[PDB]
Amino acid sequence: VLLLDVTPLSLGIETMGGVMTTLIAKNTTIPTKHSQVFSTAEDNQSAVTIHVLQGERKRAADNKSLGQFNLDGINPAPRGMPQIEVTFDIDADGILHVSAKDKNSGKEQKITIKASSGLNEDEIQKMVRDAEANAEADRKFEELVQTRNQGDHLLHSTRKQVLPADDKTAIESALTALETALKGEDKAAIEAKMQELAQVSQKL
């Protein structure tokens, strides 16, 4: 064939820390369908938000929002525990259907997104250029976030994993260091603050 319908930009959702996780890659031929399981960031999360995005940037915020919806009723469980199946399906007329289903509870929500939504030709052309120009920074952003999300989880298990020795003072002190590093944007400072936390958590 010399011509074909593709979806012109990557489509995905926003994941923990403000990142775009892609479900359908740009220039994928339509119709097409892909699913991916996600879970919860923290303990006892009963409600998740599915925020649909079109674009190539690693920062969710830099992509074109296509819509969103909530999925509630999830049994409050430990992080990583819920299995939220996310499905993106683009039919031959270009209509996008997005659904999220929590496997344990059976709770499902969905949204339908008109084919005309999203960025236009010139917009699409900018998006690709701006993504390739910023490839280096988006990648360092994506690492930052992976490092932050680890730091974050470490803060939450270290607080739960607290009679411990009368020395745990320096831990509560190393927690404040880490909580502060996680707010900045220097991947290495965050890991260093984690390293300091491991080294005073030996008695734990």
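Residue positions are given as counts along the sequence shown, with the first one as 1. Note that the rigid core is defined as the largest set of C-alphas that superpose within 1.5 Å between two forms.
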* State which stretch is farther from the displayed form on average in 9 other deposited structures of this protein, 169-177 or 52-60, counting RMS CA distance after fitting on the rigid core. => 169-177
* Asked: Quick one: with the core lined up, is it 13-21 or 188-196 that wanders further in 9 other deposited structures of this protein, going by C-alpha RMS?
  -> 188-196
* Could you tell me how many residues of the deposited sequence sit unmodelled between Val162 and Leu163 (none, 1 to 3, 4 to 9, 10 or more)? => 4 to 9
* Asked: Taking the recorded C-alpha temperature factors, which stretch has the higher mean, 195-203 or 4-12?
  -> 195-203
* Asked: Out of 150-158 and 25-33, which stretch has the higher average CA B-factor listed in the record?
  -> 150-158
* Asked: Looking at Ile50, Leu53, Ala170, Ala47, which has the biggest Cα B factor in the entry?
  -> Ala170
* Criterion, highest CA B-factor; candidates, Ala60, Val145, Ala174, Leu66 -> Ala174
* **CA B-factor ranking of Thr112, expressed as a third of its chain** => middle
* Asked: Compared with the other modelled residues in the chain, in which third is the CA B-factor of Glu179?
  -> highest
* Would you mind checking where the Cα B-factor of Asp138 ranks among the modelled residues of its chain, as the lowest, middle or highest third? => middle
* Asked: How does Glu123 rank on Cα B-factor within its chain, lowest, middle or highest third?
  -> lowest
* Asked: Within this chain, which third does the Cα B-factor at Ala92 fall in: lowest, middle or highest?
  -> highest
